[PDB]
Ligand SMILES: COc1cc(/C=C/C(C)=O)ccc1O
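One chain comes next, on its own, written out as structure tokens in the form solved without the ligand.
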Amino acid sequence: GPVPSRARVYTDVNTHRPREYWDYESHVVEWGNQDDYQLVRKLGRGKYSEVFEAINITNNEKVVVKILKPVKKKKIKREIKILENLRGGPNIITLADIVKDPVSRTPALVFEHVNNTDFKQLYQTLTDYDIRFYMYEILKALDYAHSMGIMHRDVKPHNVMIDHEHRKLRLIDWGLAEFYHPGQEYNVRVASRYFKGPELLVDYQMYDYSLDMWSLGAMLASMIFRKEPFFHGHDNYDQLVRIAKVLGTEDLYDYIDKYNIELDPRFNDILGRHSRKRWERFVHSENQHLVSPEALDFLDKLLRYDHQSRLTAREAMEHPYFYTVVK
């Protein structure tokens, strides 16, 4: 069977907590007043929820209301408990309220509002300095979450809200987040295709916070190389092949052999043999202003097959890429 794995940081944080911290099934939802909120505009529908722009008629503050769909069930209390555990943390979206929607009869999570610009438009305008700046902001959120025993599991541009006017960033949509418990086996069917770490793509269930560090690297690669998405697979299988065409097959085999993981045999006809590519291969006149030796080295240390070998969020924050960022 597979060789086990543990996080190399924040390994045992949940074990020292009161049971109530991580045993979200027992949580008792505090409810506020639904009549405080007036829906203004439907913004999106996700797999699990309908999102609205709303107004809190009390203090006239704009808010976001996510009306949760009767999904698997227990994810309601997981998301609520994680949001309450992380509330107040750096760059973590604030859960302002929980109300019972009278139409859906389901919980509606009320969040602080962030004035965001569609990442498809925004990323085209980020300067080198801005990429560094906002990456550092994301890292603050991830390190906080990880330090609190939580992995986000769905880091992607759509879940990073940026008010670019005010240089304000929030990491949102904690509905796939989980508590990290050493030795626990998790569902690999998390995250969006283009941001899934190799551990998910090879069906390795004993993963950890380092999953989010891969996702962050996939975001960074798309930003500095102006290639959206960077790893552009047609499905979850081709997704791995797209990674292997960059990182090479030999290191992929070393990774699965380390954990005594066997690839799905359907890779035999599609994976092929690929060398590791030098990152320079992706640099060209249109992205060159976003690339630097520091950016490439940082990226290289995030995008590793072996989840144990990737930089942690705190290690990332130490990297030379961020020396130019004022703090």
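Start at 1 and count along the sequence shown; that's the residue number.
One more form of this protein should be noted, the form solved in complex with the ligand, which is absent from this view; the next part is about it.
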With the ligand left out of view, which of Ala141, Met161, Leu86, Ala244 would have a heavy atom within 4.5 Å of it in the deposited bound form? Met161
Sort through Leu302, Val51, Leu290, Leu296 and report the residue having a heavy atom within 4.5 Å of the ligand in the deposited bound form. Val51
Taking any heavy atom pair closer than or equal to 4.5 Å as contact, tell me whether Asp173 reaches the ligand in the deposited bound form. yes
Does any part of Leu252 reach within 4.5 Å of the ligand in the deposited bound form? Heavy atoms only, please. no
Counting only non-hydrogen atoms and a 4.5 angstroms cut-off, does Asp208 reach the ligand in the deposited bound form? no
Examine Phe111 and determine whether its closest non-hydrogen atom to the ligand in the deposited bound form is within 4.5 angstroms. yes
Where, within 53 to 89, is there a heavy atom within 4.5 Å of the ligand in the deposited bound form? Residue list please. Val64, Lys66, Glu79
